[PDB]
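Colleague: So the sequence lines, in the order shown, correspond to chains U and R. Position 294 of the first sequence, counting from 1, maps to 294 under my numbering, and the rest follow consecutively. Position 113 of the second sequence, counting from 1, maps to 113 under my numbering, and the rest follow consecutively. Idealized CB from N, CA, C, for every residue including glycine.
There are 2 protein chains.
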Amino acid sequence: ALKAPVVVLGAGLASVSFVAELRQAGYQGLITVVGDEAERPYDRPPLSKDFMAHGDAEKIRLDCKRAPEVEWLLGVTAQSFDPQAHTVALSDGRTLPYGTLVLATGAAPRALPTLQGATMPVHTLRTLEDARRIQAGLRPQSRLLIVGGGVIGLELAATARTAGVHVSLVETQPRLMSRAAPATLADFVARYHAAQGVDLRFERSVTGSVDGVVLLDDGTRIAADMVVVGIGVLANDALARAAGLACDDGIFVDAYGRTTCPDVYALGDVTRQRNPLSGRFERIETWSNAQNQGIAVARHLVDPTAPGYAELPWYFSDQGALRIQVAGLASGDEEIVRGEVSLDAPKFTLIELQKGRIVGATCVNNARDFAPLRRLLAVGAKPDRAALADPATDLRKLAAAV
Amino acid sequence: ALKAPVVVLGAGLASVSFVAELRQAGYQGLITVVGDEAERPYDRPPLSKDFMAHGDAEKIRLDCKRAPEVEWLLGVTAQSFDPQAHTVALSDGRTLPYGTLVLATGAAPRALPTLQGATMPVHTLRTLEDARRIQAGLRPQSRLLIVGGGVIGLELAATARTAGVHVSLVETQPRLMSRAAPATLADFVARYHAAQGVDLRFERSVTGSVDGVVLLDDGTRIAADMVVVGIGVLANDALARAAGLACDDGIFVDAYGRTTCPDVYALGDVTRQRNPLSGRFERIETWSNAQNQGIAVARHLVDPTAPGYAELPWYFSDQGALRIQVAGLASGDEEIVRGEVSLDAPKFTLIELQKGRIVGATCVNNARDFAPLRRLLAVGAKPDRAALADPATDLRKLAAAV
Ligand SMILES: Cc1cc2nc3c(=O)[nH]c(=O)nc-3n(C[C@H](O)[C@H](O)[C@H](O)COP(=O)(O)OP(=O)(O)OC[C@H]3O[C@@H](n4cnc5c(N)ncnc54)[C@H](O)[C@@H]3O)c2cc1C
Ligand SMILES: Cc1cc2nc3c(=O)[nH]c(=O)nc-3n(C[C@H](O)[C@H](O)[C@H](O)COP(=O)(O)OP(=O)(O)OC[C@H]3O[C@@H](n4cnc5c(N)ncnc54)[C@H](O)[C@@H]3O)c2cc1C
Numbered sequence: 001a002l003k004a005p006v007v008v009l010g011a012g013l014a015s016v017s018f019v020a021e022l023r024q025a026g027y028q029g030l031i032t033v034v035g036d037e038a039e040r041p042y043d044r045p046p047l048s049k050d051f052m053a054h055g056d057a058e059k060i061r062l063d064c065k066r067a068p069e070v071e072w073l074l075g076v077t078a079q080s081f082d083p084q085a086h087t088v089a090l091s092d093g094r095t096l097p098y099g100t101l102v103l104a105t106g107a108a109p110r111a112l113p114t115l116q117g118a119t120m121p122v123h124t125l126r127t128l129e130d131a132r133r134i135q136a137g138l139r140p141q142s143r144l145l146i147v148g149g150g151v152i153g154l155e156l157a158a159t160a161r162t163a164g165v166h167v168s169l170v171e172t173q174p175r176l177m178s179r180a181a182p183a184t185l186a187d188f189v190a191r192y193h194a195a196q197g198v199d200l201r202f203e204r205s206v207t208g209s210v211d212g213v214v215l216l217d218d219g220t221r222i223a224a225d226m227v228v229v230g231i232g233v234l235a236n237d238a239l240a241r242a243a244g245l246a247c248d249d250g251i252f253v254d255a256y257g258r259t260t261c262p263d264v265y266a267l268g269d270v271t272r273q274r275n276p277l278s279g280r281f282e283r284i285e286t287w288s289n290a291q292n293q294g295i296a297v298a299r300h301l302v303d304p305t306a307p308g309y310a311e312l313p314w315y316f317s318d319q320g321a322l323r324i325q326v327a328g329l330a331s332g333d334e335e336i337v338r339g340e341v342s343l344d345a346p347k348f349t350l351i352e353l354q355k356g357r358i359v360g361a362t363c364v365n366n367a368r369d370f371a372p373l374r375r376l377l378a379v380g381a382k383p384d385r386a387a388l389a390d391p392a393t394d395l396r397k398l399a400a401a402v
Numbered sequence: 001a002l003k004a005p006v007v008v009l010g011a012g013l014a015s016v017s018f019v020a021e022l023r024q025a026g027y028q029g030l031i032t033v034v035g036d037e038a039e040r041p042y043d044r045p046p047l048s049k050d051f052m053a054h055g056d057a058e059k060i061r062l063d064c065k066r067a068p069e070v071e072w073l074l075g076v077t078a079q080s081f082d083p084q085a086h087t088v089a090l091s092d093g094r095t096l097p098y099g100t101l102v103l104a105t106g107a108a109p110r111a112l113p114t115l116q117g118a119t120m121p122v123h124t125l126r127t128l129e130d131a132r133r134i135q136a137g138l139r140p141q142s143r144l145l146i147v148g149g150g151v152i153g154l155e156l157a158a159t160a161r162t163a164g165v166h167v168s169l170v171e172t173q174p175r176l177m178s179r180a181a182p183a184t185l186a187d188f189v190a191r192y193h194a195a196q197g198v199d200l201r202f203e204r205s206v207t208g209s210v211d212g213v214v215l216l217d218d219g220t221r222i223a224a225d226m227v228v229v230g231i232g233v234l235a236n237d238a239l240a241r242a243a244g245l246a247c248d249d250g251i252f253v254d255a256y257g258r259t260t261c262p263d264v265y266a267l268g269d270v271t272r273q274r275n276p277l278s279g280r281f282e283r284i285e286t287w288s289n290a291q292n293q294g295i296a297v298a299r300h301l302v303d304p305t306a307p308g309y310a311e312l313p314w315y316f317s318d319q320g321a322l323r324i325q326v327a328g329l330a331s332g333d334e335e336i337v338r339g340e341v342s343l344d345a346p347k348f349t350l351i352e353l354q355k356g357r358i359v360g361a362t363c364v365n366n367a368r369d370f371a372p373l374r375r376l377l378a379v380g381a382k383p384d385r386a387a388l389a390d391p392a393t394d395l396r397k398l399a400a401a402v
């Protein structure tokens, strides 16, 4: 399957992780990476975190040194590829040949149709450019409206509050983090943000805006100096769609990263792939997926005897005093709570079970427990539920014993 | 892409349509078809229709004469395939080599978990064997319970009523034909069946059964001599899953029928594919898809310059006095009704529009209008809505003029 030369479209974390693994696995042929951003490859999670404090992009760059002998074509957009001719057409007029093409083009923020012709600042937060523009607007005592109660919106909320910015947040759902969070976590997170002064508006949508005021579907108004929209992302799958690959807001791939087009692979945010815990296809939107899927696909390309991608999903979110870690499924048929759920010195763990089997876990300010829980999750452990609830139980011991 | 020999798994309509098109398109190499049913290939729609009257399977066979020089291995199950070795393992101990493998294995009825250990006759209606067993039980004045208000259940309802069988029908949804029918149609169909003596129970599910009585979730009972379960189907994608193809209750394919595994294609009920009207992936469960997708995939395999599959979805259902035809989407932002919707001499047409563009249509006992509407639908016609409603308008003229 691994035919030289290798061409990768996109230069984010999935791409970097993939090319480093190709080299480490022993592939020595040509590798060329096309990245549309004119930026040394960088990690995105800092952008709604410490980057908002220090503004230093040289703290967030990805290490490409495990990827030697790679030509990175930065500031260049892949415009199309021809899977018969095995070529990629570039915005600078050049063409690249490929033996193996890898689509690692990520996802872009959804726009808000109702703010389409707005006459006040409206941003999304995906890129370094976005983060710099938003950060420049976090003036103390200014008003920020965040649209969407996803993790990135909430990370920005905590960041802005730290900066002395007044924060309102509007969410269409009755809860925060509706996408991949246990309700117990979501409820607590709302309490935390409210206590930090975030003005939360649930079950509201943006209907428009007039002369610096944002309008909502309950017939009300929110004044803001800046709006940041964070209502989710859409896969950057246009090249795949045009070339005849199977796509539906994401490129369908199997556990080997194969698309429906021979010699074309995809990885990271752009893919729609099997979640082994739910057994359903999903577009996973996580840092860990980008890295882990990139590595697994590279490893199997170099060594076809290697297993396909098999890691179970997890993410982290850093929201002010809350260091949140979530693995697996948001719910099963049972939740076990370890510790008190309290705003005082927040520290707790949730475990989700399905007929006795661990299917998900959450740690808030409890990193020590998260590793053992992910191990228990990976093997589908069925531990004694009394022991799981018992504060006397050491989860690392439990994980090591299985 | 077309490498000999060709092996097809499944011998239903999709398979037959595909192999006939390969031969008609000019492919002269080996073709072998593996079909698990020990039956001359046959069409399924008659099974809930006239077959219930005449019981003559020799009226429902598929014509395989446009597929000369095909070896049909009937009564044989493909147990696995090895996509590296390019072989298929058969239940009879033999192995088949392939250059091109085509998965056309269809879908199987969902079982009802709550009737799992039932001690009364419970059938599903998919195969000739099923139809013969059900037909043998349509005793006049007996009681039949049908679970599910999908088209096949309703076709059986009409058939049983014609045979003098008392019919009850339980549906979890508040309406019939929730899957792919305009609400106006579904409401009318319920009125029709009720007028024909069908005892319809909406928003009810089966919780179990005791000594010949079926139990429902509203705490009530239904006595039946026979139960026929028709709550939908599940793709027969186990071989694909085991071999590492991308699957999620159906094998993902592009418009060329390609799976994520090189040299392996899929077609028909087993596939999850793009609906060009919704732009979303869906498992299409129709006669027209089986034939049309089979033909398109064969044509493009023989002639790579041919377009991919591009037909828009449609189905028919024959329910007593109702000859129903439905194309495209169930709804848009506008419905236009042609004719009166009446139980007297039922005859009407629905047209669904989205911002002026036809996105779906329905004809009840109005076949003459269905062809022109499908043509208007295919080109995304934007006809004058006043003309569309006007009974004076000839739709065939309108279609020919575009
Ligand atoms: C602000 C922010 C905070 C985040 N925080 C967390 C977190 O705390 N925890 C967590 O688990 N995840 C978090 N993530 C998500 C994580 O960063 C993503 O899952 C990850 O970036 C996905 O990596 P990727 O390489 O697949 O895609 P991307 O990072 O999107 O990289 C794809 C690259 O390809 C480029 N591209 C697209 N099309 C073309 C083309 N035609 N030609 C050339 N280049 C193209 C894109 O512009 C982009 O530069 C966060 C993301 C953001 C944006
Ligand atoms: C009772 C009934 C009524 C219907 N009525 C209508 C209608 O009025 N209008 C309409 O539009 N559609 C109708 N349909 C749907 C239409 O018949 C289906 O869409 C069509 O049968 C799909 O064809 P297929 O070849 O993809 O799959 P199938 O017809 O299911 O054929 C697949 C074949 O592969 C076999 N198979 C599976 N696995 C293996 C294996 N491992 N090895 C060998 N063989 C295998 C299966 O057993 C089966 O024989 C009806 C279907 C049924 C069952």
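#1: Mind checking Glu352 (chain R): buried by the 16 CB within 10 Å criterion, or exposed?
#2: Since I believe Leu30 (chain U) is in contact with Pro5 (chain U) (beta carbons under 8 Å), could you give me their beta-carbon distance rounded to a whole number of angstroms?
#3: If you reduce the DSSP assignment to three classes, tell me which class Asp187 (chain R) lands in.
#4: Mind reading off the beta-carbon distance from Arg40 (chain U) to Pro68 (chain U)? Whole number of angstroms is fine, and I expect it under 8 Å.
#5: Let me check you understand the geometry: is the CB of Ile152 (chain U) closer than 6 Å to at least one non-hydrogen atom of ligand 1?
#6: Mind checking which residues open and close the beta strand (DSSP E) that includes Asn275 (chain U)?
#7: Is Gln79 (chain U) helix, strand or coil by DSSP?
#8: By Cβ distance, which residues of its chain are closer than 6 Å to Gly148 (chain R), with the 5 residues on each side in sequence left out?
#9: For a contact meaning CB atoms closer than 7 Å, what does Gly308 (chain R) contact in chain U?
#10: What residues in the segment 258-271 of chain U bring their beta carbon closer than 9 Å to a beta carbon of chain R?
#11: Under the rule that 16 or more other beta-carbon atoms within 10 Å means buried, what is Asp237 (chain U), buried or exposed?
#12: Grab me the residues of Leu144 (chain R)'s own chain with a C-beta within less than 6 Å of its C-beta, minus the 5 sequence neighbours each way, in chain order.
#13: Answer with buried or exposed for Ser209 (chain R), where buried requires no fewer than 16 other C-beta atoms within 10 angstroms of its C-beta.
#14: Compile a chain-ordered list of the residues in the segment 87-112 of chain U whose CB is closer than 7 Å to at least one CB of chain R.
#15: Any C-beta of chain U sitting closer than 7 Å to the C-beta of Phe18 (chain R)?
#16: Use the C-beta contact count for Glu171 (chain U): other C-beta atoms within 10 angstroms, 16 or more gives buried, fewer gives exposed.
#17: Does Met120 (chain R) come out as helix, strand or coil in the three-state DSSP assignment?
#18: Would you give the residue range spanned by the alpha helix (DSSP H) that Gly294 (chain R) belongs to?
#19: Report all residues from its chain with a CB closer than 6 Å to the CB of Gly332 (chain R); omit the five preceding and five following residues, and keep chain order.
#20: Taking the alpha-carbon of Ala57 (chain R) as reference, which of R:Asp43, R:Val70, R:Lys65, R:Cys64 has the nearest alpha-carbon?
#21: Check each candidate in U:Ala381, U:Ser178, U:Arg204, U:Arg191 and name the one with the smallest Cα separation from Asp344 (chain U).
#22: Going straight from the alpha carbon of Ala223 (chain R) to that of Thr260 (chain U), what length do you get?
#23: Does the Cβ-Cβ distance between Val34 (chain U) and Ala78 (chain U) come in under 7 Å?
#24: Any idea if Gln325 (chain U) is buried or exposed, counting beta-carbon neighbours within 10 angstroms, 16 or more meaning buried?
#25: Out of R:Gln291, R:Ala290, R:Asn292, R:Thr271, point me to the one whose CA is closest to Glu282 (chain R)'s CA.
#26: Answer with yes or no whether the minimum CB distance from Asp237 (chain R) to chain U is below 7 Å.
#27: Does any CB atom of chain U fall closer than 7 Å to the CB of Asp82 (chain R)?
#28: Using CA atoms only, rank isn't needed, just tell me which of R:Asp36, R:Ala1, R:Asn366, R:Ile336 is closest to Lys382 (chain R).
#29: Would you say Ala266 (chain R) and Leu103 (chain R) are within 7 Å of each other, going by their C-beta atoms?
#30: From U:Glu203, U:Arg374, U:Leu169, U:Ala401, pick the residue whose C-alpha is nearest to that of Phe316 (chain U); which is it?
#31: Helix, strand or coil, according to DSSP, for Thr393 (chain R) in the structure here?
#32: Reducing DSSP to helix, strand and coil, say where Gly328 (chain U) ends up.
#33: Grouping DSSP H, G and I as helix and E and B as strand, with all else coil, what is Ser142 (chain R)?
#34: Ignore the nearest five residues each way along the sequence and tell me which others in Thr393 (chain R)'s own chain have a CB closer than 6 Å to its CB.
#35: Quick check on the burial criterion: 16 or more other C-beta atoms within 10 angstroms. Buried or exposed for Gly93 (chain U)?
#36: Under a three-way DSSP split, which group does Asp130 (chain R) fall into?
Modeller: In short:
#1: Under this definition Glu352 (chain R) is a buried residue.
#2: At roughly 3 Å, the Cβ-Cβ gap stays under 8 Å, so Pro5 (chain U) and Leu30 (chain U) are in contact.
#3: The three-state secondary structure of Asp187 (chain R), taken from DSSP, is helix.
#4: Approximately 16 Å separates the beta-carbon atoms of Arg40 (chain U) and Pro68 (chain U); this is outside 8 Å, ruling out the contact.
#5: Yes, since a heavy atom of ligand 1 falls inside the 6 Å radius drawn around the Cβ of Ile152 (chain U).
#6: Residues 271-275.
#7: Note: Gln79 (chain U) maps to strand in three-state DSSP.
#8: These residues qualify, in order along the chain: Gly230, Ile231.
#9: Under the 7 Å cutoff, chain U gives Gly244.
#10: Cβ contacts with chain R come from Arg258, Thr259, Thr260, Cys261, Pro262, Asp263.
#11: By the neighbour-count definition (other C-beta atoms within 10 Å, threshold 16), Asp237 (chain U) is a buried residue.
#12: Same-chain partners within the cutoff: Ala160, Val165, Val167, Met226.
#13: Around the CB of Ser209 (chain R), 16 or more other CB atoms lie within 10 Å, so the residue is classed as buried.
#14: Here the close residues number zero.
#15: For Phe18 (chain R), the answer is no, since every Cβ of chain U falls outside 7 Å of its Cβ.
#16: Buried is the label assigned to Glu171 (chain U), since at least 16 other Cβ atoms lie within 10 Å of its Cβ.
#17: Reduced to three states, the DSSP call for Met120 (chain R) is coil.
#18: Taken as a continuous stretch (DSSP letters only), the alpha helix (DSSP H) holding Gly294 (chain R) covers 287-302.
#19: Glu352, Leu353, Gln354, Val359, listed in sequence order.
#20: If we check each option's Cα against that of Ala57 (chain R), R:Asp43 comes out closest.
#21: Closest option to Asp344 (chain U), Cα to Cα, is U:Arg191.
#22: Taking the straight line from one Cα to the other gives about 50 Å.
#23: Inclusion of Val34 (chain U) and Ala78 (chain U) in the CB contact set at 7 Å is warranted, their separation being smaller than that value.
#24: Buried, because 16 or more other Cβ atoms sit within 10 Å of the Cβ of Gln325 (chain U).
#25: The closest CA to that of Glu282 (chain R), considering only R:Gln291, R:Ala290, R:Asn292, R:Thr271, is found on R:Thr271.
#26: Closer than 7 Å: no.
#27: Nearest CB-CB separation between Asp82 (chain R) and chain U: not below the 7 Å threshold.
#28: Of the candidates R:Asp36, R:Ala1, R:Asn366, R:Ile336, the one whose C-alpha sits nearest the C-alpha of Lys382 (chain R) is R:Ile336.
#29: Cβ distance < 7 Å, so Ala266 (chain R) and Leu103 (chain R) count as in contact.
#30: Among U:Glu203, U:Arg374, U:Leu169, U:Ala401, the Cα nearest to that of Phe316 (chain U) is on U:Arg374.
#31: Correct three-state label for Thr393 (chain R): coil.
#32: Note: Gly328 (chain U) maps to strand in three-state DSSP.
#33: Coil.
#34: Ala387, listed in sequence order.
#35: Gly93 (chain U) comes out exposed.
#36: In this structure, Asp130 (chain R) counts as helix in the three-state DSSP scheme.
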